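Q: Quick one: structure below, then a few questions.
What follows is calculated from the coordinates using simple rules that are stated; it is not laboratory data. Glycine also receives a Cβ, built like all others from the backbone with ideal geometry; neighbour counts cover every protein chain displayed.
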Ligand SMILES: OC[C@H]1O[C@@H](O[C@H]2[C@H](O)[C@@H](O)[C@@H](O)O[C@@H]2CO)[C@H](O)[C@@H](O)[C@H]1O
Ligand SMILES: OC[C@H]1O[C@@H](O[C@H]2[C@H](O)[C@@H](O)[C@@H](O)O[C@@H]2CO)[C@H](O)[C@@H](O)[C@H]1O
């Protein structure tokens, strides 16, 4: 108080911060408190069940909040917010059971080393759950819908084997504003919801995380907005690591906001997700370990960019991220379904085998980009052409092999343009080829070898197949 | 537990025993660094209080321990006979006032599986303090680190012994490359799911304690650059101004080298090429040797050497193949000097050569390689 004295907090919304405790602004008087099987019910409409504030080292077992009065939640004897906790480092909640209406449990600020084990938190049904407005939450969380567990301001409670039911948002977690401190830790959550109603399971704001999936979960009914994860403004240095087993049924994995990918698949057991689920937004995946697929399928007519693309029955639609996707899952080939797959800006092609009845087209004067060594093969495609730009722009100094066994038309441009001091081998097999020069370079000498085996080629350049910036190692024509 | 010298000590048979949510703290860290552990393995001779000590084959499971104000959070020794006894710590919450600490995990002759929870630190001594200290862990041992590193910079690892055993298993490094230090890179055995595009070198201002993967914290020597690039999948090496030198044969990763620095092999040493791919020196202030052949190739895989800078091997060769090799050498502009561009120690090595510069030893245009090399192409 102003005079210097202290008054017990009676304000319902108040919770002490670590700062408050350091400022002398707050002094906790909560120690040596132990709870075993306490059952707490409230009249409908009561704001908060339990305020676990300043309870460092305090413990709980079988704390049970809320009554399953009946089907209508508006008249059920449970609180809007089950539990609100802060300044409780080292506290332990064993087998906590909460029946809530708006928010299950909220953990804010200092809770270092605190654990919540085998919690069973559930909204009493999901009826109108999507309309509940979170009461205690981080500023970055502006969506409407009930939230089973909310965590922010640097709280890093360990969640072990929680069972979360009937929630719009299973977990909403924000890292500390200043440095993204506060790891989101959930080990094997058992997530379920009637009629598959759900918005997100893990809504992560400015944070890192380590989550192990237990083969249990789902994503909501909205074909566009609902996803297991939503990564909002997670920093470039953050990582949201996913381990374990994906749900049996198809789900949409991730959506987000922000300029940095942070999701990591760490030996994640994908089950049949490639065939029945969706990645959602590939942009947010940072890296993949121990998850491989042989082929990436593209369908410019019937594809869907929400798909993983690694299963033939669920191809993606555009070429934008094909290099990224092949790098992530180590794909050995790309299959182009019938139709023209097109780009309007410079796009990287992975060094793999391209096959299928589709065609590749570079429009708006764009070029396909080769940024890695290896062999790029176009086999039996309906052709590849550009509307004016060079077909392949090489920006790697590593050995590049280009193997075209389909029709090739670069018009007045080159099939290959080396932007560096390159090392390229190009080989055209049958079909046809057209270009002003097969291989060229922007400057300082590029070594190349060439084989052109087709009668349908620009015969006028047989004697001079490459520009002056390219020196030939071999030339097999005629 | 509130203690003065040692919090808890676990010895010999404790199979399947568990210690969950332990809260162990010294009552403050004043003079904590002067405590002498009472019950400890013979291999632990350091001075300082120890929160948890384990040895003689004890393998207690520590789940979410909270450890405070300790010089040493954990001291663990594997069994003397066969290194039996896995050190298991899941999500430790480690803190200490004033950042005072010596080591969090002091591991002797053992393996370990540790998951970090984004909480921790390393001591104030810029040379000796480190999260891990691996003492004589055997070749077959693995000390695996998963989870999130602390937010603030820390020195990750130091050790004694001849075998690297640390493993970064998808470890979330945060901003450690920029604000922290690896400490002693020798002790890292392998890395999974952690990458960096560029390794930075600075022979004048660099510090070998650094990771080297962030431009503001470059390393200093060339000794471990191949190992670092292999570990983190770096695509290039940036040489800050000054001469980066070796005095013993040292391997160079097959990547793009850039920057104003120069490369120099002294004491008759050579740069080693032990992997296929393309080694590119682009725009450097030059590469030269004081007498040894410049690049010694010991791999039979296709090797491309792309030099776009000044090259001077003096009376020696630019490339010497120690095996039956397959090499493509291309010198671009600048200048090149040597007695032969490529040579081989024995039974024929195939090679392709391109030299585009007027400043070269014209006298060997007609015989650019020794007798043990057969040319696939020659563009001069
Ligand atoms: O090169 C820097 C980018 O790396 C991308 O990750 C790659 C990863 O390096 C590679 O090993 C493989 O897993 O493919 C990934 C993506 O295709 C990052 O996603 C990107 O952020 C950059 O850091
Ligand atoms: O070749 C044996 C050595 O491997 C080194 O690890 C390599 C690893 O093989 C490679 O995959 C990548 O991770 O680069 C590492 C560079 O260290 C071990 O460190 C070394 O002890 C040997 O086993």
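Q: Tell me the label-point distance for the pair residue A:144, residue A:43, using the 7 Å Cα-to-Cβ offset, in nm and rounded to one decimal.
A: Output for this residue pair reads 2.8 nm.
Q: Looking at region B:263-370, send over the antiparallel percent of its DSSP beta bridges, to the nearest 5.
A: Restricted to region B:263-370, the bridges split so that about 0 percent are antiparallel.
Q: Right, another one. Quickly work out the residue B:345-to-residue A:318 label distance, labels modelled 7 Å from Cα along the C-beta direction, and quote it in nm with one decimal.
A: 5.4 nm
Q: Computed over the Cα atoms, what is the radius of gyration of the protein assembly as shown divided by 2.2 N^0.38 Å, N being its residue count?
A: Numbers: Rg = 31.5 Å, N = 858, 2.2 N^0.38 = 28.7 Å.
Dividing the Cα radius of gyration by 2.2 N^0.38 Å gives 1.10.
Q: Hey, another quick one. Just report the Cα centroid separation between region B:232-309 and region A:422-456, whole Å.
A: 31 Å
Q: Ratio of Rg to Rh for region A:293-478, alpha carbon only, Kirkwood?
A: That ratio is 0.96, to two decimals.
Q: May I ask for the percentage of alpha-carbon pairs in region B:327-378 that lie more than 11 Å from each other?
A: So the pairs more than 11 Å apart make up 66 percent of the total in region B:327-378.
Q: Taking neighbour counts of Cβ atoms within 10 Å as a proxy for exposure, in what order, fewest first, do B:365, B:184 appear?
A: On the way: B:365 11, B:184 22.
Lowest to highest Cβ neighbour count: B:365, B:184.
Q: Let me ask something additional. Can you put A:190, B:293 in order of Cβ neighbours within 10 angstrom, beginning with the fewest? Let's see the in-between values first.
A: Values: A:190 15, B:293 27.
In order of increasing Cβ crowding within 10 Å: A:190, B:293.
Q: Report relative contact order for chain A in percent, whole number only (criteria: Cα-Cα under 8 Å, sequence separation at least 6).
A: Result for chain A is 6 percent.
Q: Which three lengths, in whole Å and largest first, does region A:291-337 cover when its Cα atoms are put on their principal axes?
A: For region A:291-337, the Cα spread along each principal axis is 26, 19, 17 Å.
Q: Moving to a separate point now. Computed on alpha carbon atoms, what radius of gyration and Dmax characterise region A:424-478, expressed in Å?
A: 10.6, 32
Q: Still on this structure, I have one more. Which residues in region A:376-417 place their backbone N less than 17 Å from a point set 7 Å from the Cα of residue B:376 along the Cα-to-Cβ direction?
A: A:376, A:397-403
Q: Restricting the count to DSSP beta bridges whose residues both fall in region A:1-292, what percent are antiparallel, rounded to a multiple of 5?
A: If we restrict to bridges inside region A:1-292, about 0 percent are antiparallel.
Q: In region B:53-68, which residues have a backbone nitrogen under 16 Å from the label point lying 7 Å from residue B:113's Cα in the Cα-to-Cβ direction?
A: So the set is B:59-64.
Q: Looking only at Cα atoms, what is the convex hull volume of region A:1-136 per residue, in Å³? Intermediate results must be reported in sequence, preceding the final value.
A: Values: hull volume 15.0 nm³, N = 136.
That works out to 111 Å³ per residue.
Q: Please compute the modelled spin-label separation between residue A:135 and residue A:216, points set 7 Å along Cα→Cβ, answer in nm with one decimal.
A: 2.8 nm
Q: Counting C-alpha atoms alone, how compact is region A:1-292: give Rg to one decimal and Dmax as a whole number, in angstrom.
A: 18.8, 68
Q: For the protein assembly as shown, what does -39500 (n - 2.57) per DSSP helix run (n ≥ 4), summed and divided by total residues, give at 222 nm, in deg cm²/dmol to the nearest 500?
A: -1000 deg cm²/dmol
Q: Further question on the same structure: Multiply the residue gap between residue A:476 and residue A:432 by 0.36 nm, knock off their C-alpha separation, and tell me the result in nm, one decimal place.
A: Fully extending the segment from residue A:476 to residue A:432 adds 14.3 nm.
Q: Moving on to the next point. Quick check on the exposure proxy: order B:234, A:267, A:29 from fewest to most C-beta atoms within 10 angstrom. Walk me through the intermediate numbers first.
A: On the way: B:234 22, A:267 15, A:29 8.
So the ranking, lowest neighbour count to highest, is A:29, A:267, B:234.
Q: Still on this structure, please answer the following. Would you mind calculating the gained length between residue B:300 and residue B:192 on full extension (0.36 nm times residue separation, minus the Cα-Cα distance), in nm to one decimal?
A: 36.2 nm
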